[PDB]
Each structure stands twice: as structure tokens, then as C-alpha cells.
Amino acid sequence: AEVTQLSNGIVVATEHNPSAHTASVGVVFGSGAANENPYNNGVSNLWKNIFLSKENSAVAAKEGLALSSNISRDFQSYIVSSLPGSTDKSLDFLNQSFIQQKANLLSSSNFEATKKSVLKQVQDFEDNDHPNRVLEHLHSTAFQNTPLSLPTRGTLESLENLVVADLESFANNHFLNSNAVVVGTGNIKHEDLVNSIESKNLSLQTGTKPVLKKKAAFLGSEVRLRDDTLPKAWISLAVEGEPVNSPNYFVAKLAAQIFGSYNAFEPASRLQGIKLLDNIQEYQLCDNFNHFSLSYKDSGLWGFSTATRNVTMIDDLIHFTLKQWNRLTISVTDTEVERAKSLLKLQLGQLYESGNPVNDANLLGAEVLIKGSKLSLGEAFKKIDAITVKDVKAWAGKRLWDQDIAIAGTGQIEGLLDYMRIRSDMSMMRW
Amino acid sequence: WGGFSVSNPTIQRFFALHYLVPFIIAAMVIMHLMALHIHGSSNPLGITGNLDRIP
Ligand code: HEM
Ligand SMILES: CCCCCCCCCCCO[C@@H]1O[C@H](CO)[C@@H](O[C@H]2O[C@H](CO)[C@@H](O)[C@H](O)[C@H]2O)[C@H](O)[C@H]1O
């Protein structure tokens, strides 16, 4: 009823949900793509896929279990889902995969087949997923030569050069008890899980701490992947944002909610209380846009992504959007701040109070790894309601006004002006 | 000349015309700029500048 957190060597964290009809048990490691290098980039993604390999999944399915794995920038997860009663069967599989097995999943035929699978996977993403590919390039240029610049799926070049040894090296260096948290969500009790874990013994690399490196840094820059054969222009643009556990974490998320998301083809989306919408609908400057406040351990990105077929008016799209951002520093109104509060609460509620145990597992593990605990919506909502117009203006004057930007784009971006023209729009002339 | 040689009439008309022509030049410069605008400037390589423009 408040999320329990116990440690006996292995940190166990659970979140009991009485309305849930299933249960998820897994392990979340405090290491992701941000802990790789340009040459082993994609190793985590390769691990995810061998864990989700047919051999491993068939074994789990026979037991009535479903496997899930997510590779993020700061973390990595491996979850098993089952009925509330088969919760102990999940632990056995989990125990087996990360303690008993090794040479079973890393066999020549399984590794090569899995490698070939992720290779075609990544190739398709880079070849067809334009909005996400652009967002990945935003991170790449914004944090270039820094941990946060590496794509989570890895790069084709490094992927084709990866061997079983690379996987093992990463596992020995990151899949450690000191860098992990065993999570339990859905319909399960803490005692049931802690005792079932405390039932077994061993340690498997005890006291071993993960590798350390240099911190993430934001660099005003841009990467342009022009492709005149594509039907649209896809653009992502952002300034240095807030890291997780930043004092302005919510103020930044609220600022992003002010401008929000938009889908020109959805009737209700066109009626939102967003001033930018009055400027962009007259000549239909875009098909959609979405503002974000991405937060990581060392840094973050605040900005937006947009897609448009109006290739001759991209300059107006960017101009109007950045002119609106200017407003956060000098003229954002009370009702805009109040509307943002309500919608932010709804966003967080939908994110944290989702009816999915695997989602809760990922969120719970990631947070307890970073701050040792998980913040409740009750506390989050209180912080949000305390945000004032002066807080937004103070934050904007620091993060937005006359600040460097990172830009990424693909498709028909001839109309996207030079860096300086876009950068100049981060402020307004004053007397 | 307005007479038998360069005299008063000549100087007075030359000043009137000296005032006028600069405005005709201004008009011709507008025409010059119009011709320039439809094709844009050339460049030192002598090839198309269409692949890489800046404002
Ligand atoms: C009051 C006189 C004039 C003004 C104000 C003027 C102004 C301009 C301007 C602003 C440009 C664009 C930038 C540049 O290339 O310098 C231009 C281009 C040009 N002008 Fe003039 N101009 C004048 C006289 C002339 C004359 C006397 C000629 C030739 C007999 C001429 C030939 C050109 C040409 C061919 C270009 C194109 C250059 C290129 O882009 O390669 N202009 N002029
Ligand atoms: C015809 C001959 C007459 C010549 C007269 C010279 C004109 C001088 C104008 C000088 C300053 O005009 C001034 O320019 C600076 C940018 O440099 C503007 O600054 C604006 O952009 C800068 C740079 O992104 C921001 O830091 C700043 O917060 C913002 O207000 C300022 O608001 C404006 O007031």
C-alpha cells in the first residue's frame, strides 16, 4: 500500500496491486546503452534478444510464462510474467537464466541467429522509422562523444563486429548484484517474493562494482540527414534539459505540457488550449508535433519533434514554435500554467497507474536504482500544484532564453534554415 | 548648349539634369536587382549554387 523496499544482499522491491490478475517478476540493472562504448554499442540490445530467443521463450511458455525485456539509456530490464499463483515458477526461470545457464543461450547457432535477427531489426529502424531515428540522432549530436550519445539499439557497424565474448564481458561487468534490483509488480506480496528469493543461496560475483566513466555533456550542434526521396521532413530540436532528481524535474515537464502534442488529423487535437495552434493551422504548417522533457541520470533534453509535408514553410513552423517558447520566459499566463498542471497530472497518472505489470516493473526498478526509492503520485501531484508562473519563468530564463540548441532532421529538410537563424529565435529583441 | 557655346543656359540645364539622372540610375538599379533576383547570384566555382544555399 506504499511500495516496500527490503535488502538482505539483493535489493528486492515490490508494488502490490489487488486489482491485477497477473504478476511480473524480473531484474532491472542500472546499466544501459549509456554504459557502452562506440565499439560494443548494441551489446545490451543483443542480450535482450537472446533472452527473448525462441529456445528461452519456449521453456518459459511451457511453464505458462511470458518474457519481456527493455533496453534503455540508463537501465536494462528482464521480466517474466505469469498468473499470481505461478509467481515462484518465474523466479526459477529468472534464477536459471542468470545463474545456471550461460553456454546454453550463448551457443554458436543461437548467438549467430539472434545477431542476424537484430541486424535486420536495426537496419529496418534506420531505413524506415523516421521520427524515432531522428530522435535518436538528436541524442547523438546533443551529447556527441559522451555516453548519452549512443543509440539504444546499437549501430550496424558495431553490431556486425560483436562476438559472444563481447556479450560475456558486458555481463561480467554489469550484470552484478550491486548494480541490480529484483522487482515484483501486479498481484504479489513482498514476503512471498523475498522468502522465495531468500530460499536459494550463492552470490555469483559478490561485492563486484560496475565500471565507471566520464559524464554526459550537452553540445549546441546539429546533424542533417537530408533525403529528398522521402515524403516529409522530420525534425527534432531541443535544449539541455533536466536530469532525473533535478529540482526542476516537474517544472520542465509542465513547461513541455504547455505546448504539448498535436495531430492535425484529429478533430479534438485541433481544439486544444495551445496558443501555438492559432499560428500553425492557417497554412497547416505540420501534420503533428510533440513536446518532451526527457530526463536521464546525468542530463536531459527539452524540446519537440515534428513531421510535415509543408516543405516550403518549415521556417515558419520552427519560428512560431520557438517564438512560443520565448513566452515561457516573459509572458506565460496563469491559465496556461493551470491547464498544464491538470494535463501533467493526467499524463503521470496514465504512466504510473497503467494497467500493466511489466510497465510498473520497469518504472519501479529504474527509480529504485537511481534514488533508492520510488516517488508516489501523491507527492508528485503536490509538487506540480505548487509550481507558479514565476517558477516557469525562472526555469525558462535559465534553460531556454538565448541558449544553445541541438537539431536533427531527415527527409525534405532543404527548407530548414541554417543553425544560427534557428538559434537566434531562442530570444526576442528588447529595449 | 542653348547658345553659341558653353554658357549660362548650358550650366543651368546641366545642373537640372545632374539632379535628375541619379534618380534614373536608382530606377535602373531596381531593374538590375529584379534581373538578379530571378536567377540569384553566381559563385566562384561557376557551377550551380542550388544544392547549398544560406540566407
Ligand atoms: C549603381 C550600379 C550598380 C549597382 C548598385 C549594382 C548592384 C549589384 C548587386 C547588389 C549585385 C549582387 C552582389 C554582387 O554580385 O556584387 C549585382 C550583381 C551583378 N551586377 Fe551589378 N550593380 C551596379 C552596376 C553594374 C554594372 C556597371 C555591371 C556590368 C556592366 C553590373 C553587372 C552585374 C552582374 C553581371 C552581376 C551578377 C554577378 C554574379 O552573381 O556573378 N552591375 N550588382
Ligand atoms: C543606420 C545606423 C544606426 C546604427 C544603430 C545601431 C543599432 C544597435 C542595436 C543594438 C542592440 O539591439 C539589441 O541587440 C541585442 C542582440 O545583439 C538584443 O538581444 C537579444 O538577443 C540577444 C542574443 O540572442 C539576447 O542575449 C538578448 O537577451 C536578447 O534581448 C537586444 O534585445 C537588442 O536591443
# chains A, B, ... in the order shown; residues from 1 in each chain; ligands from 1
call {"tool": "interface_residues", "arguments": {"of": "chain A", "to": "chain B", "cutoff": "10 Å", "atoms": "only C-alpha atoms", "output": "ChimeraX atom specification"}}
result
/A:414,417-418,421
call {"tool": "write_last_selection", "arguments": {"atoms": "C-alpha atoms", "output": "PDB file, in the first residue's frame"}}
result
ATOM      1  CA  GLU A 414      16.021  21.892 -47.519  1.00  0.00           C
ATOM      2  CA  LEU A 417      17.327  27.154 -42.280  1.00  0.00           C
ATOM      3  CA  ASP A 418      20.922  27.301 -41.009  1.00  0.00           C
ATOM      4  CA  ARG A 421      18.806  31.503 -37.854  1.00  0.00           C
TER       5      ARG A 421
END
call {"tool": "residues_near_ligand", "arguments": {"ligand": "ligand 1", "cutoff": "8 Å", "atoms": "only C-alpha atoms and all ligand atoms", "output": "PyMOL selection string"}}
result
chain B and resi 25-26+29+32-33+36+40-44
call {"tool": "residues_around", "arguments": {"residues": "segment 141-150 of chain A", "least_positions_apart": "4", "cutoff": "6 Å", "atoms": "only C-alpha atoms", "output": "JSON, numbers by chain"}}
result
{"A": [34, 216, 217, 218, 219, 222, 406]}
call {"tool": "residues_near_ligand", "arguments": {"ligand": "ligand 2", "cutoff": "8 Å", "atoms": "only C-alpha atoms and all ligand atoms", "output": "number ranges by chain"}}
result
A: 401-402, 423-431
call {"tool": "residues_around", "arguments": {"residues": "residue 65 of chain A", "least_positions_apart": "2", "cutoff": "12 Å", "atoms": "only C-alpha atoms", "output": "number ranges by chain"}}
result
A: 22-26, 52, 56-63, 67-68, 79-94
call {"tool": "select_by_dssp", "arguments": {"residues": "segment 373-420 of chain A", "states": "alpha helix (DSSP H)", "output": "MDAnalysis selection string"}}
result
chainID A and resid 377:386 389:399 419:420
call {"tool": "residues_around", "arguments": {"residues": "residue 46 of chain A", "least_positions_apart": "6", "cutoff": "9 Å", "atoms": "only C-alpha atoms", "output": "ChimeraX atom specification"}}
result
/A:111,114-115,118,153-154,159,167
call {"tool": "write_last_selection", "arguments": {"atoms": "C-alpha atoms", "output": "CSV table (one decimal), in the first residue's frame"}}
result
chain,number,residue,atom,x,y,z
A,111,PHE,CA,24.0,-16.2,-31.0
A,114,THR,CA,20.0,-13.8,-32.8
A,115,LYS,CA,22.8,-11.5,-34.1
A,118,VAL,CA,18.9,-7.8,-34.5
A,153,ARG,CA,19.7,-0.4,-30.4
A,154,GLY,CA,23.3,-0.1,-31.3
A,159,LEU,CA,26.7,-4.9,-34.2
A,167,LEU,CA,28.4,-10.2,-24.5
call {"tool": "residues_around", "arguments": {"residues": "residue 1 of chain B", "least_positions_apart": "6", "cutoff": "8 Å", "atoms": "only C-alpha atoms", "output": "list in words"}}
result
residues 7, 9 and 10 of chain B
call {"tool": "write_last_selection", "arguments": {"atoms": "C-alpha atoms", "output": "mmCIF file, in the first residue's frame"}}
result
data_model
loop_
_atom_site.group_PDB
_atom_site.id
_atom_site.type_symbol
_atom_site.label_atom_id
_atom_site.label_comp_id
_atom_site.auth_asym_id
_atom_site.auth_seq_id
_atom_site.Cartn_x
_atom_site.Cartn_y
_atom_site.Cartn_z
ATOM 1 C CA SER B 7 27.407 79.442 -71.449
ATOM 2 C CA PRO B 9 21.994 78.095 -70.371
ATOM 3 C CA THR B 10 24.370 75.124 -70.584
#
call {"tool": "select_by_dssp", "arguments": {"residues": "segment 49-289 of chain A", "states": "strand (DSSP E or B)", "output": "ChimeraX atom specification"}}
result
/A:66-71,76-82,180-186,221-226,233-240,261-263,288-289
call {"tool": "closest_residue", "arguments": {"among": "A:257, A:208, A:173, A:308", "to": "residue 285 of chain A", "atoms": "only C-alpha atoms"}}
result
A:308
call {"tool": "residues_around", "arguments": {"residues": "residue 309 of chain A", "least_positions_apart": "3", "cutoff": "12 Å", "atoms": "only C-alpha atoms", "output": "PyMOL selection string"}}
result
chain A and resi 228+230-235+264+283-288+306+312-314+317+411-413+415
call {"tool": "atom_distance", "arguments": {"atom1": "atom CA of residue 31 of chain A", "atom2": "atom CA of residue 14 of chain A"}}
result
20.3 Å
call {"tool": "atom_distance", "arguments": {"atom1": "atom CA of residue 346 of chain A", "atom2": "atom CA of residue 253 of chain A"}}
result
12.3 Å
call {"tool": "atom_distance", "arguments": {"atom1": "atom CA of residue 304 of chain A", "atom2": "atom CA of residue 73 of chain A"}}
result
19.1 Å
call {"tool": "closest_residue", "arguments": {"among": "A:347, A:360, A:100, A:127", "to": "residue 202 of chain A", "atoms": "only C-alpha atoms"}}
result
A:100
